[PDB]
file upload-v3.pdb (PDB, C-alpha atoms (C1' of nucleotides))
ATOM      1  CA  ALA A   1      74.673  44.256   0.527  1.00  0.00           C
ATOM      2  CA  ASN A   2      73.404  45.526  -2.811  1.00  0.00           C
ATOM      3  CA  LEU A   3      75.481  45.389  -5.994  1.00  0.00           C
ATOM      4  CA  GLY A   4      74.294  47.544  -8.879  1.00  0.00           C
ATOM      5  CA  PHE A   5      73.857  45.004 -11.678  1.00  0.00           C
ATOM      6  CA  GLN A   6      71.107  46.420 -13.884  1.00  0.00           C
ATOM      7  CA  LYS A   7      69.729  44.343 -16.719  1.00  0.00           C
ATOM      8  CA  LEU A   8      70.951  45.175 -20.197  1.00  0.00           C
ATOM      9  CA  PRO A   9      68.970  47.705 -22.270  1.00  0.00           C
ATOM     10  CA  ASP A  10      67.000  46.738 -25.366  1.00  0.00           C
ATOM     11  CA  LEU A  11      69.618  45.463 -27.815  1.00  0.00           C
ATOM     12  CA  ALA A  12      68.501  43.369 -30.774  1.00  0.00           C
ATOM     13  CA  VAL A  13      69.278  42.782 -34.440  1.00  0.00           C
ATOM     14  CA  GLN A  14      66.670  42.498 -37.183  1.00  0.00           C
ATOM     15  CA  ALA A  15      66.989  42.823 -40.950  1.00  0.00           C
ATOM     16  CA  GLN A  16      63.567  44.481 -41.245  1.00  0.00           C
ATOM     17  CA  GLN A  17      64.868  48.047 -41.019  1.00  0.00           C
ATOM     18  CA  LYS A  18      67.450  49.718 -43.235  1.00  0.00           C
ATOM     19  CA  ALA A  19      69.875  49.917 -40.302  1.00  0.00           C
ATOM     20  CA  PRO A  20      69.733  46.674 -38.286  1.00  0.00           C
ATOM     21  CA  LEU A  21      72.391  47.677 -35.745  1.00  0.00           C
ATOM     22  CA  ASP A  22      70.537  50.782 -34.628  1.00  0.00           C
ATOM     23  CA  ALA A  23      70.053  49.861 -30.971  1.00  0.00           C
ATOM     24  CA  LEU A  24      73.703  48.801 -30.758  1.00  0.00           C
ATOM     25  CA  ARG A  25      75.052  51.821 -32.634  1.00  0.00           C
ATOM     26  CA  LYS A  26      73.143  54.146 -30.318  1.00  0.00           C
ATOM     27  CA  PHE A  27      73.876  52.236 -27.099  1.00  0.00           C
ATOM     28  CA  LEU A  28      77.629  52.134 -27.681  1.00  0.00           C
ATOM     29  CA  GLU A  29      77.757  55.888 -28.312  1.00  0.00           C
ATOM     30  CA  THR A  30      76.069  56.972 -25.055  1.00  0.00           C
ATOM     31  CA  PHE A  31      77.939  54.628 -22.687  1.00  0.00           C
ATOM     32  CA  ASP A  32      80.881  56.155 -20.846  1.00  0.00           C
ATOM     33  CA  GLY A  33      82.367  53.038 -19.279  1.00  0.00           C
ATOM     34  CA  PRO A  34      83.777  50.032 -21.078  1.00  0.00           C
ATOM     35  CA  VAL A  35      81.799  47.271 -22.747  1.00  0.00           C
ATOM     36  CA  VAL A  36      82.776  43.644 -23.200  1.00  0.00           C
ATOM     37  CA  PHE A  37      81.172  41.294 -25.681  1.00  0.00           C
ATOM     38  CA  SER A  38      81.160  37.655 -24.616  1.00  0.00           C
ATOM     39  CA  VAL A  39      81.058  34.921 -27.238  1.00  0.00           C
ATOM     40  CA  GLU A  40      80.964  31.185 -26.644  1.00  0.00           C
ATOM     41  CA  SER A  41      83.154  29.867 -29.466  1.00  0.00           C
ATOM     42  CA  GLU A  42      86.129  31.067 -31.481  1.00  0.00           C
ATOM     43  CA  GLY A  43      84.439  31.245 -34.875  1.00  0.00           C
ATOM     44  CA  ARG A  44      81.467  32.951 -33.242  1.00  0.00           C
ATOM     45  CA  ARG A  45      83.998  35.678 -32.421  1.00  0.00           C
ATOM     46  CA  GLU A  46      84.418  36.294 -36.141  1.00  0.00           C
ATOM     47  CA  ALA A  47      80.650  35.948 -36.521  1.00  0.00           C
ATOM     48  CA  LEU A  48      80.555  38.942 -34.181  1.00  0.00           C
ATOM     49  CA  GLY A  49      83.835  40.463 -35.352  1.00  0.00           C
ATOM     50  CA  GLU A  50      82.439  41.237 -38.798  1.00  0.00           C
TER      51      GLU A  50
ATOM     52  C1'  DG B   1      73.888 -37.848   1.036  1.00  0.00           C
ATOM     53  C1'  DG B   2      69.398 -40.043   0.266  1.00  0.00           C
ATOM     54  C1'  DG B   3      64.886 -41.949   0.559  1.00  0.00           C
ATOM     55  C1'  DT B   4      59.844 -40.509  -0.057  1.00  0.00           C
ATOM     56  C1'  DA B   5      56.478 -37.800  -2.418  1.00  0.00           C
ATOM     57  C1'  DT B   6      54.442 -34.761  -5.676  1.00  0.00           C
ATOM     58  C1'  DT B   7      54.392 -33.206 -10.294  1.00  0.00           C
ATOM     59  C1'  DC B   8      55.022 -33.283 -15.167  1.00  0.00           C
ATOM     60  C1'  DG B   9      55.269 -34.649 -19.828  1.00  0.00           C
ATOM     61  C1'  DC B  10      54.909 -38.433 -23.305  1.00  0.00           C
ATOM     62  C1'  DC B  11      51.938 -42.290 -25.198  1.00  0.00           C
ATOM     63  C1'  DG B  12      47.674 -44.566 -26.099  1.00  0.00           C
ATOM     64  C1'  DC B  13      42.780 -44.377 -27.242  1.00  0.00           C
ATOM     65  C1'  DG B  14      38.286 -50.031 -33.198  1.00  0.00           C
ATOM     66  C1'  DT B  15      37.823 -51.950 -38.537  1.00  0.00           C
ATOM     67  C1'  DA B  16      35.871 -51.505 -43.340  1.00  0.00           C
ATOM     68  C1'  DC B  17      33.105 -48.438 -46.621  1.00  0.00           C
ATOM     69  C1'  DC B  18      30.162 -44.070 -48.742  1.00  0.00           C
ATOM     70  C1'  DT B  19      28.798 -38.680 -49.742  1.00  0.00           C
ATOM     71  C1'  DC B  20      29.854 -33.418 -49.627  1.00  0.00           C
ATOM     72  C1'  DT B  21      32.808 -28.711 -49.313  1.00  0.00           C
ATOM     73  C1'  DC B  22      37.314 -26.405 -48.850  1.00  0.00           C
ATOM     74  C1'  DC B  23      42.144 -26.095 -49.421  1.00  0.00           C
ATOM     75  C1'  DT B  24      47.407 -18.670 -50.939  1.00  0.00           C
ATOM     76  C1'  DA B  25      51.065 -15.815 -49.713  1.00  0.00           C
ATOM     77  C1'  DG B  26      54.190 -12.626 -51.547  1.00  0.00           C
ATOM     78  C1'  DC B  27      55.549  -8.876 -54.130  1.00  0.00           C
ATOM     79  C1'  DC B  28      54.848  -4.347 -56.807  1.00  0.00           C
ATOM     80  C1'  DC B  29      52.559  -0.086 -56.633  1.00  0.00           C
ATOM     81  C1'  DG B  30      50.532   3.637 -54.719  1.00  0.00           C
ATOM     82  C1'  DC B  31      49.340   5.738 -50.356  1.00  0.00           C
ATOM     83  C1'  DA B  32      51.229   7.779 -45.911  1.00  0.00           C
ATOM     84  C1'  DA B  33      55.128  10.165 -42.827  1.00  0.00           C
ATOM     85  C1'  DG B  34      59.492  12.997 -42.909  1.00  0.00           C
ATOM     86  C1'  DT B  35      63.070  16.015 -45.489  1.00  0.00           C
ATOM     87  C1'  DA B  36      64.617  19.225 -49.379  1.00  0.00           C
ATOM     88  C1'  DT B  37      63.726  22.479 -53.435  1.00  0.00           C
ATOM     89  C1'  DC B  38      61.113  25.910 -56.946  1.00  0.00           C
ATOM     90  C1'  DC B  39      57.033  28.605 -58.295  1.00  0.00           C
ATOM     91  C1'  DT B  40      53.166  31.663 -57.774  1.00  0.00           C
ATOM     92  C1'  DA B  41      49.683  34.419 -55.352  1.00  0.00           C
ATOM     93  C1'  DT B  42      48.893  37.111 -51.094  1.00  0.00           C
ATOM     94  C1'  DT B  43      49.489  39.571 -47.104  1.00  0.00           C
ATOM     95  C1'  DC B  44      52.659  42.652 -44.398  1.00  0.00           C
ATOM     96  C1'  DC B  45      55.799  46.031 -43.357  1.00  0.00           C
ATOM     97  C1'  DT B  46      58.563  50.141 -44.251  1.00  0.00           C
ATOM     98  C1'  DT B  47      59.361  54.553 -46.374  1.00  0.00           C
ATOM     99  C1'  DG B  48      58.306  58.297 -49.414  1.00  0.00           C
ATOM    100  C1'  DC B  49      54.758  61.694 -51.207  1.00  0.00           C
ATOM    101  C1'  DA B  50      50.290  64.827 -51.422  1.00  0.00           C
ATOM    102  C1'  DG B  51      47.145  67.352 -48.655  1.00  0.00           C
ATOM    103  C1'  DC B  52      46.260  70.086 -44.505  1.00  0.00           C
ATOM    104  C1'  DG B  53      47.326  72.903 -40.248  1.00  0.00           C
ATOM    105  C1'  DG B  54      50.527  76.002 -37.263  1.00  0.00           C
ATOM    106  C1'  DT B  55      53.130  80.279 -37.403  1.00  0.00           C
TER     107       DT B  55
END
call {"tool": "encode", "arguments": {"input": "upload-v3.pdb", "output": "structure tokens"}}
result
Amino acid sequence: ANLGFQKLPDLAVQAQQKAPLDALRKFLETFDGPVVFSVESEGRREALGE
DNA sequence: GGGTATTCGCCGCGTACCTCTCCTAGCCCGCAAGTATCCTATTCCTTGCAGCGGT
């Protein structure tokens, strides 16, 4: 059996540009299903929550 | 047990005299390694503007 499990698109953060979250802010707009971030710690949650 | 045999480690190896040379280690300072910072050039990257082409 095959299970459609494509690799994630190009998402990255870098402070070089004016808008660092450009790949994320465009990927989240053009995705129709859900999306689930997965963090390893609790404080890391806030490090991704802000 | 218990006697024989092989091995091992200590003790020993002349008296008196004469000449010569040579006898230093430990600590303080400045070097190295790592780490951290500031400071000053020096390159690199991003965005905004002047000139040129398409309509």
call {"tool": "closest_atom_pairs", "arguments": {"input": "upload-v3.pdb", "of": "chain A", "to": "chain B", "cutoff": "9 Å", "atoms": "only C-alpha atoms (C1' of nucleotides)", "output": "tab-separated table"}}
result
residue	atom	partner	partner_atom	distance
A:16	CA	B:46	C1'	8.1
A:17	CA	B:46	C1'	7.4
A:18	CA	B:46	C1'	9.0
call {"tool": "write_last_selection", "arguments": {"input": "upload-v3.pdb", "atoms": "C-alpha atoms", "output": "compact mmCIF listing (two decimals), in the frame of the given file"}}
result
# COMPACT_ATOMS: atom_id res chain seq x y z
CA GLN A 16 63.57 44.48 -41.24
CA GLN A 17 64.87 48.05 -41.02
CA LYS A 18 67.45 49.72 -43.24
call {"tool": "axis_aligned_box", "arguments": {"input": "upload-v3.pdb", "around": "segment 26-36 of chain A", "padding_each_side": "3 Å", "output": "lines of an AutoDock Vina configuration file"}}
result
center_x = 78.5
center_y = 50.3
center_z = -24.8
size_x = 16.6
size_y = 19.3
size_z = 17.0
call {"tool": "atom_distance", "arguments": {"input": "upload-v3.pdb", "atom1": "atom CA of residue 36 of chain A", "atom2": "atom CA of residue 23 of chain A"}}
result
16.2 Å
call {"tool": "atom_distance", "arguments": {"input": "upload-v3.pdb", "atom1": "atom CA of residue 49 of chain A", "atom2": "atom CA of residue 32 of chain A"}}
result
21.6 Å
call {"tool": "atom_distance", "arguments": {"input": "upload-v3.pdb", "atom1": "atom CA of residue 37 of chain A", "atom2": "atom CA of residue 25 of chain A"}}
result
14.0 Å
call {"tool": "resolve_selection", "arguments": {"input": "upload-v3.pdb", "expression": "the PyMOL selection byres ((chain A and resi 11) around 10)", "output": "number ranges by chain"}}
result
A: 8-10, 12-13, 21-27
